[PDB]
Structure formats: C-alpha cells, structure tokens
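Here the structure is laid out as structure tokens; the discussion comes afterwards.
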Amino acid sequence: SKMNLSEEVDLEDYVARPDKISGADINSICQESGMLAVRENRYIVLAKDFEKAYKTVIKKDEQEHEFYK
Amino acid sequence: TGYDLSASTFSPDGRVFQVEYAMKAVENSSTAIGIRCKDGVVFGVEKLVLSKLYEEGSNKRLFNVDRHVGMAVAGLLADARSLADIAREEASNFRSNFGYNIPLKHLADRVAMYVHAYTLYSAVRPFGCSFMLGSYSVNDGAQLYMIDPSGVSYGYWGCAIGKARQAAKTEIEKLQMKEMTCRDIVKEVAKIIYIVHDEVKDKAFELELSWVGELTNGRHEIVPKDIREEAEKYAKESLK
Amino acid sequence: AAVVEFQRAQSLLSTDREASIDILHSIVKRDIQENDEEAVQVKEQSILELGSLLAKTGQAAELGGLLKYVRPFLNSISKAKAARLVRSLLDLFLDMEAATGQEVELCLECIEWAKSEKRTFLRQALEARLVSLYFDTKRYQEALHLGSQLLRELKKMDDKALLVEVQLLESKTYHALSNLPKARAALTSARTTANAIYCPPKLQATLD
Amino acid sequence: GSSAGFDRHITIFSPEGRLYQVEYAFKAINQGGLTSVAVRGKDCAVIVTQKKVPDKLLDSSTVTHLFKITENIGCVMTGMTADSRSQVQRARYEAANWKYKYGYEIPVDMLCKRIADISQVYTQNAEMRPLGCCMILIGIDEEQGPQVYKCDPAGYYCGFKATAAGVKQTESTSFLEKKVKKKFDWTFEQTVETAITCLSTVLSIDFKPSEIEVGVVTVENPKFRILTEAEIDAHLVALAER
Amino acid sequence: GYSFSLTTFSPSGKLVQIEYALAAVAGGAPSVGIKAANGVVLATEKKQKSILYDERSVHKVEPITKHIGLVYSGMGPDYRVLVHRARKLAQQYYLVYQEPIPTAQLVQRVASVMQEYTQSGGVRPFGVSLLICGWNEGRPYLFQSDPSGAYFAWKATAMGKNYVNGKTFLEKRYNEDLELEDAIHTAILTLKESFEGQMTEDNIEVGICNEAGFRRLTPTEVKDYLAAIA
Amino acid sequence: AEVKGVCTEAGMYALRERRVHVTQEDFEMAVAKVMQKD
Amino acid sequence: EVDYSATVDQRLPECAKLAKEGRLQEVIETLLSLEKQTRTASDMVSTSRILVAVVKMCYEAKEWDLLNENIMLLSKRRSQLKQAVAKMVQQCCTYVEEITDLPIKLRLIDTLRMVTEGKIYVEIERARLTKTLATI
Amino acid sequence: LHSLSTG
C-alpha cells in the first residue's frame, strides 16, 4: 500500500505460492521489487519486477527429492 | 569415518572414495604415454628397474590384447595383467562371434564396462590400474583411448598415465601430432619419457616402445631394437 | 456442429445479450442422440452460459423454466456434472434478488432431486439456502422447522461451517418473531460453534 | 538429520525415514560439473549439454554425453561418466529386448520406467550403490508426440515439458518454467533456441559451436540425430542476431 | 547379495527398520481411502513442484485388475515395484483359477511380499503404505498394507502426511450409508484439509471402484467433483 | 490445567465485552477456544 | 564505445530523401536495423537521432498509425537507452502541439502517455502531455 | 499385464 504499484501486479500470484516465508521475507520481496523498479529509472513497480524480486529473495534450494513422495 | 571402506558406499558429497584410492594407486606408478599420430599410435613406457636382478623385459607394461590393439598400463601390475587378459578374451569373443577384428571403440567400451562393474559392490574392489588401448586400421584410422579405475574411457590424441602425467601432458601438447608420422613420434615419445623421468628420484629406467600403424599394416608390435636405440639416442641428446 | 453455434453465441456476447440468448436457447432445446460425447459437453456448457447470461438479463421465466426443463437432461450426464449444473442454476436464481415467488418451490424441487440422487452434502447446502429463502419470504415457522432439522443433521456430521450459518439464520428468524431470549440463545450457539473453528471473513462479518 | 547405525553407509532407512545413500548418489550427479537441458516442443524434443574439453590432447569427438539408445530414442547423461555408460548400455539392451520380445519400438516412457525399476533395486539392496547418473531420454511417440523423461538415481521418473539436470539444474528449471508459463507451442527452431538460451543464460558462457552438443527428434523424421557444429552454429548465429 | 537380515529386533522388542519405513510413509503425500455402500474411492495429492513435470505422465492411482486398484503413500519407486508385483500376482491367480483375484487375496499376497522384504537378507522394507480397493461378491473392499506386511480392512482411512487428523476427520464425517459420489466428496474434503494451496483437477488423483470395476477418474471428472466442493 | 485455562479464558471473554460478571456464554466460548481451536 | 557518429550522418539524409520519395516501411526497417546496431553499441547520440528521425519521418508523411506503432515499438526495444526515448518523446510532444485534428492528436497523446507511464526520465513530458490532454 | 504397464 505504501509503494506505487501498477494495476497489472496481482499479489495473489505470490501469496498463493507454498513458500514458508516470514513477514521480513515479504518486506524484502517488496523492497527488491522497488529496487528493480529504481534500477530501470522507474517510479512504478511492474509485475516483472515483483516476479524477479520474489525469485531473488526466496532463492529456495529444492532440498526435497521427489522420490520421497 | 567409514565412508571409504567400500565401493558401494557414497560419501556425503557424492564421491566413491574407493575408486579415488584406486586412482591414487595409478598416480603412484611410473609414467606411460601414448601419442596418436597421423598414421598410427605409439606407446612409450618408463619402466623402472627396481633392481639390476630383473631381466630386460620383466614387468612388461606394454601388452598385446589383440593382433591390432596394444595396451599400455600404469598402476597395480597384477590388476593390469588381469585387465589385459579381460581385454584379450573380449577381443577373442568379438572375433569368434562377429568374425572380424574388434574396433578399438568397442573394445574400450567393453573393457571399461568390465572395470566399472568393480566400482559398485562391496564384494570386490576397483581395479588399481589405468590403461591406454591403441590401434590402427585403414578404415577406422588411428585410435587411442584411456580407461581409468572408475571405468571412464576417453579417446585421445596424446595421453599419459602415472606420477609424471601432468608434465608428460605438457610436453605432449608441444607436439603437432596430427601431422607427423610414427617414425618421428617414436623419437618424440622417447624425448618426452626421458624429460619427465626423475633421475634424482627413482632412477635407472628402461624405455619400452611399441606402435601400431600403417607401417606395421595395422599390427601392434614392439618397436624394432634399431629404431628404439635411435630414439633413445635422440632423447638422450635432447637433454643436453 | 453445435460448437460453431457456441462460438457464434460467444461472438454475440459483445452484441446484445438477448441476441446470444437465441443461440444458447436453441442449443439447449436441441434434442440429443444416445451419447454424442461432443454434443453433451456443448449442451451443458450452453446451459451454464445461458444461465449466466440470464443472471444479468434478469429473465425470471427463462431462468426458472431452465431448471424445471433440464431435469430429464440431468439423467444423461454424469452425477457430478448434474449436481454442478443444478447448484449453478439454483445459485444463479437465488443470487438474483428478484422474488419471483417460486424460489421456494424450485429449491424444494432441487432438494427432492438431491434426495432421489442421495447427495447429502448437496441436499444440506440446498436446505440451508431454503432456510434463507424462508426467512427472506417471511415464512418464519417453516424456517425454524427446517433449521432445526438441518441443525441436528449438521451437528451429527460436525460441519461447523454450515452449522454456524444455520444457527445464525435461526437467530435471525427468532429475532424477526420478536423472541429475544431464543434469538440470543441461537446467537450464542452460533458464536460458540464459530469460535470452535476458523471463520471466513464473510461468515465472521455475518456473525458480528 | 538423525542417524542410527549404518543408515548412512547402506540403503536402509534413517530414523526420520530417509535414504541417505540415495541422496548422496543424487549429489554425485553434480560431480561432473556439467548441466544438461531438455526442452519439448509441439512436434520436436531437444537435448543440449555443455561439452568440456580441458586440453587439446583430448579427442573432442569422443567427449559426448549424448547417446543414441535407439534410432527413435536419444538420451543425455549427467553425472558419473562410467555410471552414465552403464545406464546407456542397459537402456540399449532393454530397448533391443523390447523390440525382440514385442515386435515394436519401445515407448520412451516405458524405457525410463524399466531403467528406474532397475535403479530402484540399487536403493533397496544394500550390496550395491545407486548409479550416480541421471538419464534424460527424448523421443517421438506414435500418438503422444514428443516425449522427454528425466530418470534419476532413486528410481523416480516423470515426463517433462522441459527439464534439466546437473550442477545448474535448479536455475535452468526456473528459466524453463518462466518460459513455459508463457504457454507457446514452440517450433523446432524455437525449441533449439530456447534450450541453448537456457543453458547460456544460466551458465553465462555465450556459447561457441564447439562447447555444446545438441540432439533433436522431430515428428517429420522420428529419429535421433546429433547436430553438427555447422548446424549448431546456425542456431547460435540466429540467437546472436536477435 | 547379502544373506543376513537388515531388519532385526531391538532390545525393546521392536522391528526398528519397519518403524523407520513407517516414518518414511508418514512423510509421503496424503492419501485417503473411503469405502461407500456402492463402491470405494481412493484419492491422493498428486502435486508437483513445478509446471515442467508432466502431470499425466505418471499416475499415483494405478489399476491392478479390471476391479482392483492401488494408491500409495510413501516412496514412488517402491510403489511402482509393488504395483508390478501385485499385477504379476493377479496374473498368476487368474491363470491358475481363470477368475480375477479377490481383493482380499491380492492384499494378502502383496502383504506377504512386503513382509518378505522385512526378513530377507540384504534388503530394506518397502517405504510405502498401500490402499487397495476392489469389488467382489457385489460388495466393496478397502484394505491398507503397511511396510511391515500387515493388512487392515478399513471402512475409511488416511495415510501419509497429516494422516492422524485425516483419520479424525473421517471419524466425524463417515457413515456406512454413504454413496459413492458422497464418498468422493468426503475424500476430496479430507485431502483439502491436509492440502496446502488450491486443489486443481491436475494436482490430485482420484480413482473409484464399483460394480463396473476400477477406473481412475479423468481430470475433467475431478474438475467437476472439485467445483462441487466450492 | 485445560479446565483452569478454560476458566481464565471465560474471564477474558467477559473482559472483551467490558463485563464484570462471567456468564455461561463466556464459559462456552472459552471451552470452544481452548479445546477445538487449540 | 564504437562511436558510429558519421555512420548515421551518412544514412539519415539518404533515408529522408527516400521517405520523401515514398519509401517508408523499407526505410523505417533500415533505420530499425541501424537503431539495433547503435543500441547494442550503446551510442546515445546516434540512437537519439535515429529515433527522432524515425518519428519525424512518420509525422511529416502523415503516417499516424505508423507513427503510433513506431513509437510503441521503439519505446519497447530491448535495453533501450533512456535518453534516446526521452529525446524521441520530447520531439513527439511538439508534433502533438502542432497537430490540430482532435482524434489524431488524442490517439497520439494516449500513445505518448502510455509509453512514458512510470518512467522518471520522461516524467516531465508525461506531465505536460497530461496537462495538454486536460486542456483538450 | 503388458497393457497395464504401458497403458
């Protein structure tokens, strides 16, 4: 709510993800989205910025082999 | 720690340490090189004499697994001879079944798989020898493969196995092997073997030379004594 | 065949809704052979889309006659698809706030169909909707009776989510009867059952 | 990560129900330092893998992780080279046995199903270790079309629209997932370019037509062919010019 | 191969390796088996970690005969091995008797194999629990075979991750008068309680056995049953 | 201990409505919160 | 970098003459190739002139649809230089001011305000353009 | 058997 987002960004895309992340992780995701927006000389955060920020912040190694289930 | 006592046990980093120890056994032996030139393959072995009592020809590290294939070994000589017999029987079976000389690619892929069969179970240990199979034919051409204790067979232009493998490879890289013939490659192999030899360390080596090429009609034979002595003289002169 | 008419109706969606209504109604009124695996999915999709459009055009006659007319058709498609179609059509009629006067009638018809098909969960949902309809149609006594039956049935199966809604409906019905003690008791039961579980924001807002 | 007895030395269950030997076999795949990427298109399947030739002495014609299991089925191996050759030989034998016993070419799904059944025994019997290799088979099916199947040391197996194995398996998987989300049935050239772009972007190499091997299968010719350096160079130039 | 048993009796009289195989089972994907009055339903969470995995390439609910099907919770490859074993045993029974194997007999033979793997030399117990559904004598049959080789006749049960709460849910949501469609509804609800995220027609696998035999539901039918949930 | 916690939670529910005397509804809500929710 | 400089100096008058002759789509394709070369070369002064010449070409020829499509494509090129887009928009708002036809001016304003949305380097133009739109 | 394995 404090960031100048674009209407093309749907937060439910990243909310529905099964990653077990904390509130600081969410704040870091939004912060890196703003960071990527700033890098390209933009004052509005697009959906690609949020996708890249989520991938960067989560950076979760799989750590679980599929044969176990 | 218990992670290296068997070949059927993986290390927490995903490495079979028994195979690596078998590789170190190869790295503890004298250097044997092999160069695939334009019209054949030449094998050279720095066969040290541990005592003057052994006759000239004992512990032959150059084998004949077939009439057109030669084998240069490095590491445990007992395992080397066992693998030489395995390759001999593989070539014999190929000839008795399909009716023609076994291609070097197929012989390498078969003996390498026999070697790999010893790197999976705790009932056996990996072979402690690495060997190069070299051959020549008018159709296939000059071929040179190296197989390590793990069972990885790779084709080569110039290869070396032993404790001076890196220095031998550095000396080999200087050669323009893809253009010169066997008659020059024998001299250069002698030069490389003499260069990588350490006289202050284990000394009194013998140069074991063999080749297989069009000048031998695709037959692996020991290099004739006159040519071997000429190559030895050239190698000694190259050391100044 | 009918897929071309479905695409034509989809194109007519940009045009007048009633214009596409002709295509969808012609597809629905179309008779079908034994199986017609392609035609049955197209017919079901046409029924669903025509109901969706009538949910905006607000044609009580067409939407109401759809449910009473496709009843033979429900015996051809699979039970899951039939139940989904019944739920969608009845929900679209009930969300349309126009009190045409036959909401209770066709809700009871769907309840009878669910009883015939032995679909207990569907029947319970339809009975809760019927209690809501009874409250919205000033039929407080029938609402209380059906709410008591549904309350016992949902208590047996530990369906707290629907139990809270039925208890709230009973509390509203008793408040409409100016029976404050019974309405307070029903509200207390609803609040305790809601406390026993997680309430979605809609249910929590209704309870509050 | 609890342990009790020899649960880290043989394929027996740990206190929490884990086979540590199988996981170590999985870690053995990255020992080779190579990454393979397979991408499935609307009418083709492509396997690409980096080929590393440290010195000119090595015969680059023999360093090939692309193996022709059958005429219509190809594979790319990631992990221990000797175990890779073992799995390739076993797959070739199983394909030939299927052709002999049943009279028709073995389906790609069933080939890796049999291979994974073979490798599952290694994870149940304690006298052998699992093969530290991963097979990715690609082939054109009669009806299902292109098929890509990864085939891991644990005996797990699944079909894939686009998969990857090796050191950079996860980054390549993320890249291919992002590409697939766009939902484009890529043509042959598009699939080859997508695989090459995945490998290049993940590795940041800007490939030359001597550092990667590409093997393709297409519906028009349902045979596995390894692209020559000129054919790979054509795709590399096409990627560079855009 | 090793000739000595890898499963032994602990001083407390427990087959420890069997308990560890059960622990591996409890970490698998949730599976629910519900026996209705007119059939049985086997549901499982066939959720992948990426869209790249082909959902229809491998099926967790696999048929054994025209009237018997399995769904596992545990390790995939072990379930594939046990599926092949169950199919082979069914073929042997059919060849001997010229009649499809009864569900109970197949469960007994499969459990015998799983027990053999708890006593034989150099092998570990199967890390899977098998839910076996069948139809015989006009009656539905549901069984669960654990890694130890013990088989139980279940009216309704849940295995895998979050299976205890699934069982408790099934106690308060199952009655013997349930119909097959309501059984599918209840099984989907049981999966949903242990499910994280949303259940699509592709990330769960449902199969049903009735008088017509055993058949795994196509994704479209699962989509309709899931739309019935919401 | 759970019964004692139920009593304290009934008092807490009485507090949340700014009431002085704990009622039976407070006890039932406390039972639901302590047992079912937790 | 490579400093094309005179390379675009030779090209621009030639393509301008061809555009006056009647060849535009082929000419704008040639300038697209040259813009790709300059943008990969990261030549700010050359890319800005290329974009300005392109938009001027589409404006003088009254190719309103082509002008809008060219603006959309040029603003969306991969790794485009921000100053080149800034100069292009600064040249296009002058055409906006010059145009008196209300529908054409409105469509051009919409395109310019949609290519400049959320970008700092063209925040002033999208401001002034917005003001113009408000006046309209 | 063969059909069950293949499908």
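Letters A, B, ... go to the chains of the structure tokens in the order shown; residues in each chain start at 1; ligands are counted from 1 in the same order.
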
> Using only C-alpha atoms, which residues sit within 7 Å of residue 162 in chain B once same-chain residues fewer than 3 positions away are excluded, as an MDAnalysis selection string?
Replying inline: chainID B and resid 26:32 74 165

>> Near chain B, meaning an atom within 10 Å, which residues of chain D appear when counting only C-alpha atoms? Write them as a ChimeraX atom specification.
In response: /D:6,8-11,20-31,55-64,80-86,89,122,126-132

Dump C-alpha atoms for the selected residues as a short mmCIF file (atom, residue, chain, number, x, y, z; two decimals), in the first residue's frame?
data_model
loop_
_atom_site.label_atom_id
_atom_site.label_comp_id
_atom_site.auth_asym_id
_atom_site.auth_seq_id
_atom_site.Cartn_x
_atom_site.Cartn_y
_atom_site.Cartn_z
CA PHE D 6 24.56 -47.90 9.10
CA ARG D 8 24.48 -43.51 6.01
CA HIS D 9 26.55 -46.40 4.59
CA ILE D 10 23.88 -48.66 3.05
CA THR D 11 20.42 -48.08 1.60
CA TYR D 20 20.96 -41.00 2.80
CA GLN D 21 22.84 -43.16 0.29
CA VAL D 22 20.33 -42.26 -2.42
CA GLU D 23 20.66 -38.55 -1.60
CA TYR D 24 24.45 -38.87 -1.82
CA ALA D 25 24.00 -40.55 -5.20
CA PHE D 26 21.93 -37.51 -6.20
CA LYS D 27 24.76 -35.23 -5.08
CA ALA D 28 27.09 -37.38 -7.19
CA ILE D 29 25.38 -36.07 -10.34
CA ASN D 30 26.94 -32.63 -9.88
CA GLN D 31 30.45 -34.10 -9.55
CA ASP D 55 43.06 -29.72 -23.27
CA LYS D 56 43.67 -30.19 -26.99
CA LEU D 57 45.07 -33.65 -26.22
CA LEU D 58 41.57 -34.95 -25.53
CA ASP D 59 39.78 -36.15 -28.66
CA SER D 60 36.72 -33.89 -28.67
CA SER D 61 34.88 -36.34 -30.94
CA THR D 62 34.72 -38.79 -28.01
CA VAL D 63 33.59 -36.42 -25.23
CA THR D 64 29.86 -36.92 -25.81
CA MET D 80 29.49 -40.03 -13.27
CA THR D 81 30.70 -40.95 -16.75
CA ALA D 82 31.16 -44.67 -16.07
CA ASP D 83 27.74 -44.98 -14.44
CA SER D 84 26.34 -43.00 -17.37
CA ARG D 85 27.81 -45.50 -19.83
CA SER D 86 26.40 -48.34 -17.72
CA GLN D 89 24.25 -49.78 -22.21
CA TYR D 122 20.01 -50.45 -6.09
CA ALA D 126 22.47 -52.99 0.33
CA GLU D 127 25.25 -54.81 -1.55
CA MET D 128 25.31 -52.25 -4.40
CA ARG D 129 25.30 -48.49 -4.59
CA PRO D 130 22.87 -46.47 -6.72
CA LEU D 131 24.24 -45.24 -10.03
CA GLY D 132 25.39 -41.64 -9.71
#

> Rounded to one decimal in Å, what is the spacing between CA of residue 141 in chain D and CA of residue 81 in chain E?
Replying inline: 24.8 Å

> Residues of chain G in helix (DSSP H, G or I) according to DSSP, as a PyMOL selection string?
Replying inline: chain G and resi 6-21+25-41+44-60+64-75+82-98+102-115+120-135

> Please, what distance in Å, to one decimal, runs between CA of residue 165 in chain D and CA of residue 161 in chain E?
Replying inline: 28.0 Å

> Mind listing as a count of residues only which residues of chain D are within 9 Å of chain E, counting only C-alpha atoms?
Replying inline: 34

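The space separating CA of residue 235 in chain B from CA of residue 77 in chain B comes to 26.4 Å.
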
>> Taking only C-alpha atoms into account and nothing else, which residues of chain H lie no more than 10 Å away from chain D? Please answer as a ChimeraX atom specification.
In response: /H:2,5-7

Atoms kept (N, CA and C atoms) for selection, written as an mmCIF file, in the first residue's frame:
data_model
loop_
_atom_site.group_PDB
_atom_site.id
_atom_site.type_symbol
_atom_site.label_atom_id
_atom_site.label_comp_id
_atom_site.auth_asym_id
_atom_site.auth_seq_id
_atom_site.Cartn_x
_atom_site.Cartn_y
_atom_site.Cartn_z
ATOM 1 N N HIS H 2 0.987 -56.445 -19.777
ATOM 2 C CA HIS H 2 1.680 -55.547 -20.694
ATOM 3 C C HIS H 2 0.885 -54.266 -20.910
ATOM 4 N N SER H 5 1.041 -52.110 -17.692
ATOM 5 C CA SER H 5 2.308 -51.397 -17.579
ATOM 6 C C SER H 5 2.403 -50.267 -18.596
ATOM 7 N N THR H 6 1.948 -50.507 -19.827
ATOM 8 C CA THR H 6 2.052 -49.491 -20.869
ATOM 9 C C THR H 6 0.923 -48.471 -20.770
ATOM 10 N N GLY H 7 -0.318 -48.928 -20.894
ATOM 11 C CA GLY H 7 -1.462 -48.037 -20.855
ATOM 12 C C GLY H 7 -1.937 -47.627 -22.235
#

> Using only C-alpha atoms, which chain D residues lie at most 12 Å away from chain G, written as a VMD selection string?
Replying inline: chain D and resid 240 to 242

For the residues selected in the previous step, produce a file with C-alpha atoms as a short mmCIF file (atom, residue, chain, number, x, y, z; two decimals), in the first residue's frame.
data_model
loop_
_atom_site.label_atom_id
_atom_site.label_comp_id
_atom_site.auth_asym_id
_atom_site.auth_seq_id
_atom_site.Cartn_x
_atom_site.Cartn_y
_atom_site.Cartn_z
CA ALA D 240 23.00 -13.77 -31.62
CA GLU D 241 21.36 -11.71 -34.38
CA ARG D 242 18.21 -11.24 -32.27
#

>> Residues near range 42-55 of chain A, anyone? I mean within 6 Å using only C-alpha atoms, not counting same-chain ones fewer than 3 positions away, as a list in words.
In response: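 So, after excluding close chain neighbours, the residues are residues 4, 5, 6, 9, 29, 32, 33, 36, 37, 38, 58 and 59 of chain A; 118, 119 and 120 of chain G.
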
Suppose we keep C-alpha atoms; can you now write the selection as a compact mmCIF listing (two decimals), in the first residue's frame?
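Saved result, result.txt, follows:
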# COMPACT_ATOMS: atom_id res chain seq x y z
CA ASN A 4 3.50 2.99 -6.28
CA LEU A 5 2.46 -0.27 -7.91
CA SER A 6 0.84 -0.86 -11.29
CA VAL A 9 0.55 -6.59 -10.50
CA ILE A 29 10.31 -9.06 -1.68
CA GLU A 32 13.60 -5.71 -4.03
CA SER A 33 10.67 -5.06 -6.36
CA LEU A 36 14.46 -3.30 -9.55
CA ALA A 37 11.99 -0.54 -10.41
CA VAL A 38 14.54 2.08 -9.31
CA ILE A 58 13.08 -16.72 -1.89
CA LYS A 59 16.09 -18.39 -3.59
CA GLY G 118 6.02 5.17 -14.76
CA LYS G 119 9.36 6.36 -16.17
CA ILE G 120 11.29 9.10 -14.38
